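So this block is query-v5.cif, mmCIF, C-alpha atoms and all ligand atoms; chains and numbers go by the auth columns:
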data_target
#
loop_
_atom_site.group_PDB
_atom_site.id
_atom_site.type_symbol
_atom_site.label_atom_id
_atom_site.label_comp_id
_atom_site.label_asym_id
_atom_site.label_seq_id
_atom_site.Cartn_x
_atom_site.Cartn_y
_atom_site.Cartn_z
_atom_site.B_iso_or_equiv
_atom_site.auth_seq_id
_atom_site.auth_asym_id
ATOM 1 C CA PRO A 1 -63.763 -13.891 -58.493 0.00 1 A
ATOM 2 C CA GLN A 2 -62.713 -17.424 -57.608 0.00 2 A
ATOM 3 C CA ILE A 3 -61.224 -19.425 -60.449 0.00 3 A
ATOM 4 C CA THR A 4 -61.124 -23.213 -60.281 0.00 4 A
ATOM 5 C CA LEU A 5 -58.347 -25.145 -61.996 0.00 5 A
ATOM 6 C CA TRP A 6 -60.292 -27.945 -63.681 0.00 6 A
ATOM 7 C CA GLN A 7 -59.523 -26.091 -66.917 0.00 7 A
ATOM 8 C CA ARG A 8 -56.743 -23.668 -67.847 0.00 8 A
ATOM 9 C CA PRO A 9 -57.351 -20.331 -66.080 0.00 9 A
ATOM 10 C CA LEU A 10 -57.749 -18.194 -69.199 0.00 10 A
ATOM 11 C CA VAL A 11 -58.996 -14.621 -68.953 0.00 11 A
ATOM 12 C CA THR A 12 -59.581 -11.657 -71.225 0.00 12 A
ATOM 13 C CA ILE A 13 -57.023 -8.875 -71.011 0.00 13 A
ATOM 14 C CA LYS A 14 -56.926 -5.441 -72.608 0.00 14 A
ATOM 15 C CA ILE A 15 -53.604 -4.028 -73.769 0.00 15 A
ATOM 16 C CA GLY A 16 -52.863 -1.263 -76.242 0.00 16 A
ATOM 17 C CA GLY A 17 -56.551 -1.084 -77.078 0.00 17 A
ATOM 18 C CA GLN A 18 -56.659 -4.766 -78.017 0.00 18 A
ATOM 19 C CA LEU A 19 -58.581 -7.628 -76.422 0.00 19 A
ATOM 20 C CA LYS A 20 -56.646 -10.855 -75.954 0.00 20 A
ATOM 21 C CA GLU A 21 -56.923 -14.155 -74.105 0.00 21 A
ATOM 22 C CA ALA A 22 -54.234 -14.895 -71.524 0.00 22 A
ATOM 23 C CA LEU A 23 -53.344 -17.500 -68.936 0.00 23 A
ATOM 24 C CA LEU A 24 -53.095 -16.606 -65.230 0.00 24 A
ATOM 25 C CA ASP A 25 -49.777 -18.311 -64.579 0.00 25 A
ATOM 26 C CA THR A 26 -48.425 -18.489 -61.023 0.00 26 A
ATOM 27 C CA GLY A 27 -45.392 -20.372 -62.307 0.00 27 A
ATOM 28 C CA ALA A 28 -44.347 -17.474 -64.538 0.00 28 A
ATOM 29 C CA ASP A 29 -42.154 -14.793 -62.947 0.00 29 A
ATOM 30 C CA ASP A 30 -43.004 -12.311 -65.659 0.00 30 A
ATOM 31 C CA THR A 31 -45.631 -11.601 -68.277 0.00 31 A
ATOM 32 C CA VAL A 32 -45.061 -12.551 -71.896 0.00 32 A
ATOM 33 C CA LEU A 33 -47.369 -11.953 -74.828 0.00 33 A
ATOM 34 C CA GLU A 34 -47.281 -13.179 -78.407 0.00 34 A
ATOM 35 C CA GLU A 35 -45.659 -10.901 -80.988 0.00 35 A
ATOM 36 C CA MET A 36 -47.269 -7.472 -81.110 0.00 36 A
ATOM 37 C CA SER A 37 -46.405 -3.796 -81.346 0.00 37 A
ATOM 38 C CA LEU A 38 -46.080 -1.726 -78.177 0.00 38 A
ATOM 39 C CA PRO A 39 -45.027 1.924 -77.676 0.00 39 A
ATOM 40 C CA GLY A 40 -41.693 2.988 -76.220 0.00 40 A
ATOM 41 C CA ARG A 41 -38.178 1.580 -76.248 0.00 41 A
ATOM 42 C CA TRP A 42 -37.462 -2.046 -75.406 0.00 42 A
ATOM 43 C CA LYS A 43 -34.498 -4.110 -74.227 0.00 43 A
ATOM 44 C CA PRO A 44 -33.704 -7.654 -75.356 0.00 44 A
ATOM 45 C CA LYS A 45 -34.015 -10.399 -72.758 0.00 45 A
ATOM 46 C CA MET A 46 -33.822 -14.175 -72.625 0.00 46 A
ATOM 47 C CA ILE A 47 -36.380 -16.106 -70.581 0.00 47 A
ATOM 48 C CA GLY A 48 -36.282 -19.800 -69.810 0.00 48 A
ATOM 49 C CA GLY A 49 -39.054 -22.254 -69.113 0.00 49 A
ATOM 50 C CA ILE A 50 -39.795 -25.861 -69.981 0.00 50 A
ATOM 51 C CA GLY A 51 -38.019 -26.600 -73.247 0.00 51 A
ATOM 52 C CA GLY A 52 -35.372 -23.911 -73.005 0.00 52 A
ATOM 53 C CA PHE A 53 -35.028 -20.186 -73.581 0.00 53 A
ATOM 54 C CA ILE A 54 -36.617 -17.770 -76.027 0.00 54 A
ATOM 55 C CA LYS A 55 -35.600 -14.212 -76.885 0.00 55 A
ATOM 56 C CA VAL A 56 -38.163 -11.532 -76.094 0.00 56 A
ATOM 57 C CA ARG A 57 -38.454 -7.751 -76.168 0.00 57 A
ATOM 58 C CA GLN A 58 -38.893 -6.105 -72.771 0.00 58 A
ATOM 59 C CA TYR A 59 -41.240 -3.124 -72.459 0.00 59 A
ATOM 60 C CA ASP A 60 -41.584 -1.281 -69.154 0.00 60 A
ATOM 61 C CA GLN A 61 -44.459 0.636 -67.567 0.00 61 A
ATOM 62 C CA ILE A 62 -47.114 -0.980 -69.734 0.00 62 A
ATOM 63 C CA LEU A 63 -50.756 -0.643 -68.722 0.00 63 A
ATOM 64 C CA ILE A 64 -52.861 -3.794 -68.856 0.00 64 A
ATOM 65 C CA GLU A 65 -56.428 -4.470 -67.821 0.00 65 A
ATOM 66 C CA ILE A 66 -57.026 -7.959 -66.430 0.00 66 A
ATOM 67 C CA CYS A 67 -60.672 -8.895 -65.881 0.00 67 A
ATOM 68 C CA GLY A 68 -61.495 -5.245 -65.305 0.00 68 A
ATOM 69 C CA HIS A 69 -58.547 -4.635 -62.981 0.00 69 A
ATOM 70 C CA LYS A 70 -55.944 -2.107 -64.105 0.00 70 A
ATOM 71 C CA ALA A 71 -52.314 -3.056 -63.588 0.00 71 A
ATOM 72 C CA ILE A 72 -48.980 -1.582 -64.611 0.00 72 A
ATOM 73 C CA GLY A 73 -45.749 -3.465 -65.114 0.00 73 A
ATOM 74 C CA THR A 74 -43.133 -4.888 -67.427 0.00 74 A
ATOM 75 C CA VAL A 75 -44.469 -6.829 -70.385 0.00 75 A
ATOM 76 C CA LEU A 76 -42.333 -9.128 -72.498 0.00 76 A
ATOM 77 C CA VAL A 77 -43.145 -9.766 -76.150 0.00 77 A
ATOM 78 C CA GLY A 78 -41.901 -12.758 -78.092 0.00 78 A
ATOM 79 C CA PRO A 79 -42.537 -16.215 -79.632 0.00 79 A
ATOM 80 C CA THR A 80 -44.477 -17.586 -76.656 0.00 80 A
ATOM 81 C CA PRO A 81 -47.028 -20.349 -77.484 0.00 81 A
ATOM 82 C CA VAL A 82 -49.673 -18.644 -75.357 0.00 82 A
ATOM 83 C CA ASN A 83 -50.203 -15.272 -73.688 0.00 83 A
ATOM 84 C CA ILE A 84 -49.011 -15.454 -70.099 0.00 84 A
ATOM 85 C CA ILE A 85 -49.925 -13.197 -67.188 0.00 85 A
ATOM 86 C CA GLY A 86 -47.146 -13.725 -64.663 0.00 86 A
ATOM 87 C CA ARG A 87 -46.558 -12.864 -61.024 0.00 87 A
ATOM 88 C CA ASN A 88 -45.323 -9.328 -61.716 0.00 88 A
ATOM 89 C CA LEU A 89 -48.883 -8.464 -62.733 0.00 89 A
ATOM 90 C CA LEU A 90 -50.891 -11.027 -60.740 0.00 90 A
ATOM 91 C CA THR A 91 -49.704 -9.305 -57.558 0.00 91 A
ATOM 92 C CA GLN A 92 -51.087 -5.970 -58.739 0.00 92 A
ATOM 93 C CA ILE A 93 -54.630 -7.301 -59.073 0.00 93 A
ATOM 94 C CA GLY A 94 -54.433 -8.969 -55.670 0.00 94 A
ATOM 95 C CA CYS A 95 -54.418 -12.511 -56.990 0.00 95 A
ATOM 96 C CA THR A 96 -53.676 -15.268 -54.483 0.00 96 A
ATOM 97 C CA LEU A 97 -53.609 -19.062 -54.393 0.00 97 A
ATOM 98 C CA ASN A 98 -55.929 -20.592 -51.807 0.00 98 A
ATOM 99 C CA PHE A 99 -56.467 -24.105 -50.456 0.00 99 A
ATOM 100 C CA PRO B 1 -53.619 -21.249 -46.520 0.00 1 B
ATOM 101 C CA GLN B 2 -53.552 -18.171 -48.743 0.00 2 B
ATOM 102 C CA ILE B 3 -50.389 -17.680 -50.772 0.00 3 B
ATOM 103 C CA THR B 4 -49.513 -14.314 -52.288 0.00 4 B
ATOM 104 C CA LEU B 5 -47.343 -14.035 -55.379 0.00 5 B
ATOM 105 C CA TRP B 6 -44.723 -11.427 -54.504 0.00 6 B
ATOM 106 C CA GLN B 7 -42.277 -14.332 -54.488 0.00 7 B
ATOM 107 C CA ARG B 8 -42.425 -17.734 -56.183 0.00 8 B
ATOM 108 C CA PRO B 9 -45.155 -19.945 -54.674 0.00 9 B
ATOM 109 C CA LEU B 10 -42.742 -22.623 -53.498 0.00 10 B
ATOM 110 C CA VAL B 11 -43.947 -25.299 -51.103 0.00 11 B
ATOM 111 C CA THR B 12 -42.512 -28.436 -49.589 0.00 12 B
ATOM 112 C CA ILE B 13 -43.777 -31.703 -51.022 0.00 13 B
ATOM 113 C CA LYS B 14 -43.111 -35.231 -49.855 0.00 14 B
ATOM 114 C CA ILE B 15 -42.668 -38.010 -52.384 0.00 15 B
ATOM 115 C CA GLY B 16 -40.959 -41.354 -51.978 0.00 16 B
ATOM 116 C CA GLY B 17 -40.342 -40.455 -48.354 0.00 17 B
ATOM 117 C CA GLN B 18 -38.247 -37.462 -49.407 0.00 18 B
ATOM 118 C CA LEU B 19 -38.866 -33.748 -48.971 0.00 19 B
ATOM 119 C CA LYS B 20 -38.489 -31.551 -52.037 0.00 20 B
ATOM 120 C CA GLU B 21 -39.424 -27.994 -52.935 0.00 21 B
ATOM 121 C CA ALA B 22 -41.893 -27.441 -55.753 0.00 22 B
ATOM 122 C CA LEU B 23 -43.727 -24.613 -57.483 0.00 23 B
ATOM 123 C CA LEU B 24 -47.530 -24.362 -57.334 0.00 24 B
ATOM 124 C CA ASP B 25 -48.052 -23.640 -61.031 0.00 25 B
ATOM 125 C CA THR B 26 -51.494 -22.776 -62.404 0.00 26 B
ATOM 126 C CA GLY B 27 -49.889 -22.477 -65.837 0.00 27 B
ATOM 127 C CA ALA B 28 -48.870 -26.143 -65.876 0.00 28 B
ATOM 128 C CA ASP B 29 -51.446 -28.702 -67.029 0.00 29 B
ATOM 129 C CA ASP B 30 -49.501 -31.538 -65.434 0.00 30 B
ATOM 130 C CA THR B 31 -47.013 -32.133 -62.636 0.00 31 B
ATOM 131 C CA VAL B 32 -43.371 -32.668 -63.545 0.00 32 B
ATOM 132 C CA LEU B 33 -40.489 -33.351 -61.198 0.00 33 B
ATOM 133 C CA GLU B 34 -36.742 -33.362 -61.645 0.00 34 B
ATOM 134 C CA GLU B 35 -35.067 -36.678 -62.424 0.00 35 B
ATOM 135 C CA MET B 36 -35.706 -39.215 -59.680 0.00 36 B
ATOM 136 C CA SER B 37 -36.637 -42.845 -59.155 0.00 37 B
ATOM 137 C CA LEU B 38 -40.289 -43.864 -58.897 0.00 38 B
ATOM 138 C CA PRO B 39 -41.949 -47.314 -58.630 0.00 39 B
ATOM 139 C CA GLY B 40 -43.663 -49.181 -61.442 0.00 40 B
ATOM 140 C CA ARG B 41 -43.706 -48.892 -65.199 0.00 41 B
ATOM 141 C CA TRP B 42 -43.804 -45.587 -67.023 0.00 42 B
ATOM 142 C CA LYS B 43 -45.254 -44.386 -70.321 0.00 43 B
ATOM 143 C CA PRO B 44 -43.763 -41.809 -72.706 0.00 44 B
ATOM 144 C CA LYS B 45 -45.050 -38.261 -72.904 0.00 45 B
ATOM 145 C CA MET B 46 -44.045 -35.021 -74.571 0.00 46 B
ATOM 146 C CA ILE B 47 -44.834 -31.741 -72.855 0.00 47 B
ATOM 147 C CA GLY B 48 -44.453 -28.316 -74.403 0.00 48 B
ATOM 148 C CA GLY B 49 -43.433 -25.180 -72.553 0.00 49 B
ATOM 149 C CA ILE B 50 -42.320 -21.689 -73.529 0.00 50 B
ATOM 150 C CA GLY B 51 -39.012 -22.885 -74.966 0.00 51 B
ATOM 151 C CA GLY B 52 -40.163 -26.020 -76.737 0.00 52 B
ATOM 152 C CA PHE B 53 -40.818 -29.656 -75.872 0.00 53 B
ATOM 153 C CA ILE B 54 -39.132 -32.151 -73.581 0.00 54 B
ATOM 154 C CA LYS B 55 -39.671 -35.877 -73.216 0.00 55 B
ATOM 155 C CA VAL B 56 -40.703 -37.089 -69.783 0.00 56 B
ATOM 156 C CA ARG B 57 -41.594 -40.354 -68.073 0.00 57 B
ATOM 157 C CA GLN B 58 -45.196 -40.708 -66.918 0.00 58 B
ATOM 158 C CA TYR B 59 -45.945 -42.571 -63.693 0.00 59 B
ATOM 159 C CA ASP B 60 -49.533 -43.107 -62.587 0.00 60 B
ATOM 160 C CA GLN B 61 -51.190 -43.304 -59.178 0.00 61 B
ATOM 161 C CA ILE B 62 -48.230 -41.841 -57.323 0.00 62 B
ATOM 162 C CA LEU B 63 -48.671 -40.749 -53.712 0.00 63 B
ATOM 163 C CA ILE B 64 -47.493 -37.197 -53.135 0.00 64 B
ATOM 164 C CA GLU B 65 -48.029 -34.934 -50.148 0.00 65 B
ATOM 165 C CA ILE B 66 -48.301 -31.237 -50.961 0.00 66 B
ATOM 166 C CA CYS B 67 -47.981 -28.762 -48.113 0.00 67 B
ATOM 167 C CA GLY B 68 -49.528 -31.430 -45.901 0.00 68 B
ATOM 168 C CA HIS B 69 -52.332 -32.490 -48.257 0.00 69 B
ATOM 169 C CA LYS B 70 -52.130 -36.037 -49.594 0.00 70 B
ATOM 170 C CA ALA B 71 -52.714 -36.467 -53.303 0.00 71 B
ATOM 171 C CA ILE B 72 -52.535 -39.525 -55.529 0.00 72 B
ATOM 172 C CA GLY B 73 -52.106 -38.984 -59.228 0.00 73 B
ATOM 173 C CA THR B 74 -49.998 -38.802 -62.342 0.00 74 B
ATOM 174 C CA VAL B 75 -46.485 -37.467 -61.963 0.00 75 B
ATOM 175 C CA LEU B 76 -44.113 -36.740 -64.824 0.00 76 B
ATOM 176 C CA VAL B 77 -40.351 -37.018 -64.429 0.00 77 B
ATOM 177 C CA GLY B 78 -37.899 -35.345 -66.742 0.00 78 B
ATOM 178 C CA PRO B 79 -35.417 -32.523 -67.430 0.00 79 B
ATOM 179 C CA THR B 80 -37.605 -29.799 -65.952 0.00 80 B
ATOM 180 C CA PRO B 81 -35.768 -26.726 -64.582 0.00 81 B
ATOM 181 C CA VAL B 82 -37.759 -26.955 -61.334 0.00 82 B
ATOM 182 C CA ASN B 83 -40.290 -29.229 -59.635 0.00 83 B
ATOM 183 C CA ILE B 84 -43.752 -28.231 -60.817 0.00 84 B
ATOM 184 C CA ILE B 85 -47.090 -29.045 -59.208 0.00 85 B
ATOM 185 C CA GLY B 86 -49.616 -28.676 -62.013 0.00 86 B
ATOM 186 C CA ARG B 87 -53.388 -28.409 -62.270 0.00 87 B
ATOM 187 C CA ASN B 88 -53.904 -32.170 -62.121 0.00 88 B
ATOM 188 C CA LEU B 89 -52.787 -32.136 -58.475 0.00 89 B
ATOM 189 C CA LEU B 90 -53.746 -28.569 -57.611 0.00 90 B
ATOM 190 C CA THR B 91 -57.370 -29.620 -58.126 0.00 91 B
ATOM 191 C CA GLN B 92 -56.911 -32.574 -55.782 0.00 92 B
ATOM 192 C CA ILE B 93 -55.944 -30.272 -52.934 0.00 93 B
ATOM 193 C CA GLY B 94 -58.744 -27.827 -53.706 0.00 94 B
ATOM 194 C CA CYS B 95 -56.510 -24.996 -54.855 0.00 95 B
ATOM 195 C CA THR B 96 -58.149 -21.979 -56.500 0.00 96 B
ATOM 196 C CA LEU B 97 -57.032 -18.580 -57.788 0.00 97 B
ATOM 197 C CA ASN B 98 -58.711 -15.594 -56.147 0.00 98 B
ATOM 198 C CA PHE B 99 -58.854 -11.829 -56.641 0.00 99 B
HETATM 199 O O1 LIG C . -44.817 -24.579 -69.703 0.00 1 C
HETATM 200 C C1 LIG C . -45.860 -24.345 -69.100 0.00 1 C
HETATM 201 N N1 LIG C . -46.897 -25.254 -69.086 0.00 1 C
HETATM 202 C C2 LIG C . -46.847 -26.543 -69.747 0.00 1 C
HETATM 203 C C3 LIG C . -46.552 -27.675 -68.801 0.00 1 C
HETATM 204 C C4 LIG C . -45.713 -27.687 -67.658 0.00 1 C
HETATM 205 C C5 LIG C . -45.584 -28.883 -66.892 0.00 1 C
HETATM 206 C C6 LIG C . -46.295 -30.055 -67.273 0.00 1 C
HETATM 207 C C7 LIG C . -47.141 -30.043 -68.417 0.00 1 C
HETATM 208 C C8 LIG C . -47.258 -28.843 -69.165 0.00 1 C
HETATM 209 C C9 LIG C . -48.088 -28.581 -70.383 0.00 1 C
HETATM 210 C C10 LIG C . -48.154 -27.032 -70.399 0.00 1 C
HETATM 211 O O2 LIG C . -49.225 -26.573 -69.588 0.00 1 C
HETATM 212 C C11 LIG C . -46.070 -23.049 -68.360 0.00 1 C
HETATM 213 C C12 LIG C . -45.006 -23.134 -67.295 0.00 1 C
HETATM 214 C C13 LIG C . -44.823 -21.851 -66.557 0.00 1 C
HETATM 215 O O3 LIG C . -45.851 -21.863 -65.576 0.00 1 C
HETATM 216 C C14 LIG C . -43.425 -21.805 -65.924 0.00 1 C
HETATM 217 O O4 LIG C . -42.919 -23.124 -65.618 0.00 1 C
HETATM 218 C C15 LIG C . -42.278 -23.207 -64.348 0.00 1 C
HETATM 219 C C16 LIG C . -40.807 -22.804 -64.380 0.00 1 C
HETATM 220 C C17 LIG C . -40.300 -21.909 -63.402 0.00 1 C
HETATM 221 C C18 LIG C . -38.973 -21.422 -63.419 0.00 1 C
HETATM 222 C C19 LIG C . -38.094 -21.837 -64.448 0.00 1 C
HETATM 223 C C20 LIG C . -38.559 -22.735 -65.438 0.00 1 C
HETATM 224 C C21 LIG C . -39.896 -23.213 -65.401 0.00 1 C
HETATM 225 C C22 LIG C . -42.381 -21.040 -66.728 0.00 1 C
HETATM 226 O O5 LIG C . -42.016 -21.401 -67.845 0.00 1 C
HETATM 227 N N2 LIG C . -41.830 -19.932 -66.117 0.00 1 C
HETATM 228 C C23 LIG C . -40.819 -19.058 -66.689 0.00 1 C
HETATM 229 C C24 LIG C . -41.390 -17.827 -67.344 0.00 1 C
HETATM 230 C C25 LIG C . -42.591 -17.681 -68.088 0.00 1 C
HETATM 231 C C26 LIG C . -42.941 -16.401 -68.619 0.00 1 C
HETATM 232 C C27 LIG C . -42.090 -15.281 -68.399 0.00 1 C
HETATM 233 C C28 LIG C . -40.889 -15.422 -67.652 0.00 1 C
HETATM 234 C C29 LIG C . -40.556 -16.700 -67.132 0.00 1 C
HETATM 235 C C30 LIG C . -39.364 -17.091 -66.310 0.00 1 C
HETATM 236 C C31 LIG C . -39.842 -18.421 -65.676 0.00 1 C
HETATM 237 O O6 LIG C . -40.579 -18.170 -64.489 0.00 1 C
HETATM 238 O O7 LIG C . -45.788 -21.958 -69.246 0.00 1 C
HETATM 239 C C32 LIG C . -46.966 -21.409 -69.836 0.00 1 C
HETATM 240 C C33 LIG C . -47.505 -22.224 -71.013 0.00 1 C
HETATM 241 C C34 LIG C . -48.792 -22.835 -71.023 0.00 1 C
HETATM 242 C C35 LIG C . -49.211 -23.675 -72.087 0.00 1 C
HETATM 243 C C36 LIG C . -48.351 -23.930 -73.182 0.00 1 C
HETATM 244 C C37 LIG C . -47.068 -23.331 -73.210 0.00 1 C
HETATM 245 C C38 LIG C . -46.668 -22.492 -72.138 0.00 1 C
#
Translate this structure into structure tokens?
Amino acid sequence: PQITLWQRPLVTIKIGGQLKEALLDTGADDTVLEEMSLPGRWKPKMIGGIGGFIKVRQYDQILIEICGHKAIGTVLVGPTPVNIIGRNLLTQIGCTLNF
Amino acid sequence: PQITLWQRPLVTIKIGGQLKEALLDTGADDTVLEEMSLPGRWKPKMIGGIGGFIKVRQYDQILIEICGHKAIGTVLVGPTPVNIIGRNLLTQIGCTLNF
């Protein structure tokens, strides 16, 4: 589809059998979701954005479905204000910026 | 042009007769640039990101050229880690997300 930017580009994602709303964020290098439980081991990581850094848990090889498109990649979990779908996963669904 | 996301979507912008590099960020509601001098009066604004909030200076009706496209709008200036072109200007240049 073609998503305009008059409003925040929010989409429904499916992860771990749960439906959630997330932002397609081209400014985010990685994907970070609000606190939740995911299978497997995780490594601690610090990510920085506007306002500073937050500590998150890094999970690898996580399957996520974005608007019907299956994608696999690293997913970070932590105290993020909103669910963010970053470039590591946007590339997998063939998302591009056009103008 | 069509920009993929395997690397950060950085583009050259021109503001105040100077060339700078900025990120095309669909996750940013507004446009915020690193500390610099702009004409006119400014108003206070607080913007929240993944790590918290930062105070910025808001300048209105600022001329900014993005990857060749001229835009005139609100530009925020503050302690941002990188120059960010947000949705307010992305819409002016007709930028959309596609997949
Ligand atoms: O903060 C955000 N948006 C806010 C904003 C920005 C400017 C002006 C106004 C407003 C209001 C609001 O929309 C966006 C910004 C995000 O696109 C990016 O910023 C560029 C950036 C790039 C590199 C280093 C630092 C910063 C980032 O933090 N990347 C980092 C990141 C994110 C997730 C995972 C990893 C990493 C590493 C960095 O790439 O975050 C999503 C969000 C939306 C709404 C509310 C809270 C949070």
*Would you list which chain A residues are within 9 Å of chain B using all atoms listed in the file, as number ranges by chain?*
A: 1-9, 23-29, 47-54, 79-82, 84, 87-88, 90-91, 93-99
Those selected residues, please, written with C-alpha atoms and delivered as a PDB file, keeping the file's coordinate frame.
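Listed below is the output, again-v7.pdb:
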ATOM      1  CA  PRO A   1     -63.763 -13.891 -58.493  1.00  0.00           C
ATOM      2  CA  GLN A   2     -62.713 -17.424 -57.608  1.00  0.00           C
ATOM      3  CA  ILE A   3     -61.224 -19.425 -60.449  1.00  0.00           C
ATOM      4  CA  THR A   4     -61.124 -23.213 -60.281  1.00  0.00           C
ATOM      5  CA  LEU A   5     -58.347 -25.145 -61.996  1.00  0.00           C
ATOM      6  CA  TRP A   6     -60.292 -27.945 -63.681  1.00  0.00           C
ATOM      7  CA  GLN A   7     -59.523 -26.091 -66.917  1.00  0.00           C
ATOM      8  CA  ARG A   8     -56.743 -23.668 -67.847  1.00  0.00           C
ATOM      9  CA  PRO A   9     -57.351 -20.331 -66.080  1.00  0.00           C
ATOM     10  CA  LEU A  23     -53.344 -17.500 -68.936  1.00  0.00           C
ATOM     11  CA  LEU A  24     -53.095 -16.606 -65.230  1.00  0.00           C
ATOM     12  CA  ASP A  25     -49.777 -18.311 -64.579  1.00  0.00           C
ATOM     13  CA  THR A  26     -48.425 -18.489 -61.023  1.00  0.00           C
ATOM     14  CA  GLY A  27     -45.392 -20.372 -62.307  1.00  0.00           C
ATOM     15  CA  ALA A  28     -44.347 -17.474 -64.538  1.00  0.00           C
ATOM     16  CA  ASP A  29     -42.154 -14.793 -62.947  1.00  0.00           C
ATOM     17  CA  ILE A  47     -36.380 -16.106 -70.581  1.00  0.00           C
ATOM     18  CA  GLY A  48     -36.282 -19.800 -69.810  1.00  0.00           C
ATOM     19  CA  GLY A  49     -39.054 -22.254 -69.113  1.00  0.00           C
ATOM     20  CA  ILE A  50     -39.795 -25.861 -69.981  1.00  0.00           C
ATOM     21  CA  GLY A  51     -38.019 -26.600 -73.247  1.00  0.00           C
ATOM     22  CA  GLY A  52     -35.372 -23.911 -73.005  1.00  0.00           C
ATOM     23  CA  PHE A  53     -35.028 -20.186 -73.581  1.00  0.00           C
ATOM     24  CA  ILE A  54     -36.617 -17.770 -76.027  1.00  0.00           C
ATOM     25  CA  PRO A  79     -42.537 -16.215 -79.632  1.00  0.00           C
ATOM     26  CA  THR A  80     -44.477 -17.586 -76.656  1.00  0.00           C
ATOM     27  CA  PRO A  81     -47.028 -20.349 -77.484  1.00  0.00           C
ATOM     28  CA  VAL A  82     -49.673 -18.644 -75.357  1.00  0.00           C
ATOM     29  CA  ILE A  84     -49.011 -15.454 -70.099  1.00  0.00           C
ATOM     30  CA  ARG A  87     -46.558 -12.864 -61.024  1.00  0.00           C
ATOM     31  CA  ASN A  88     -45.323  -9.328 -61.716  1.00  0.00           C
ATOM     32  CA  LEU A  90     -50.891 -11.027 -60.740  1.00  0.00           C
ATOM     33  CA  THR A  91     -49.704  -9.305 -57.558  1.00  0.00           C
ATOM     34  CA  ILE A  93     -54.630  -7.301 -59.073  1.00  0.00           C
ATOM     35  CA  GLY A  94     -54.433  -8.969 -55.670  1.00  0.00           C
ATOM     36  CA  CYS A  95     -54.418 -12.511 -56.990  1.00  0.00           C
ATOM     37  CA  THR A  96     -53.676 -15.268 -54.483  1.00  0.00           C
ATOM     38  CA  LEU A  97     -53.609 -19.062 -54.393  1.00  0.00           C
ATOM     39  CA  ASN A  98     -55.929 -20.592 -51.807  1.00  0.00           C
ATOM     40  CA  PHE A  99     -56.467 -24.105 -50.456  1.00  0.00           C
TER      41      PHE A  99
END
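By all atoms listed in the file, and with residues fewer than 6 positions from residue A:73 along its chain excluded, the set lying at most 10 Å from it is residues 30, 31, 59, 60, 61, 62, 63, 64, 88, 89 and 92 of chain A.
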*Please identify all polymer residues lying at most 12 Å from the point (-54.9, -12.1, -77.4) (file coordinates), using only C-alpha atoms, and present the result as an MDAnalysis selection string.*
chainID A and resid 10:23 32:36 66 80:85
*Kindly give the distance, in Å, that separates atom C30 of ligand LIG 1 (chain C) and atom CA of residue A:57, rounded to a single decimal.*
13.6 Å
*asked:* What's the separation between atom CA of residue A:43 and atom CA of residue A:68, in Å to one decimal place?
replied: 28.5 Å
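One finds atom CA of residue B:46 at 13.7 Å from atom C33 of ligand LIG 1 (chain C).
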For ligand LIG 1 (chain C), I'd like the enclosing box, axis-aligned and padded by 3 Å on every side, reported as AutoDock Vina command-line options with centre and edge lengths in Å to one decimal.
--center_x -43.7 --center_y -22.7 --center_z -68.3 --size_x 17.1 --size_y 20.8 --size_z 15.8
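Comparing the minimum interatomic distances between ligand LIG 1 (chain C) and each of B:70, B:37, B:78, B:44, counting all atoms listed in the file, we find that B:78 sits nearest.
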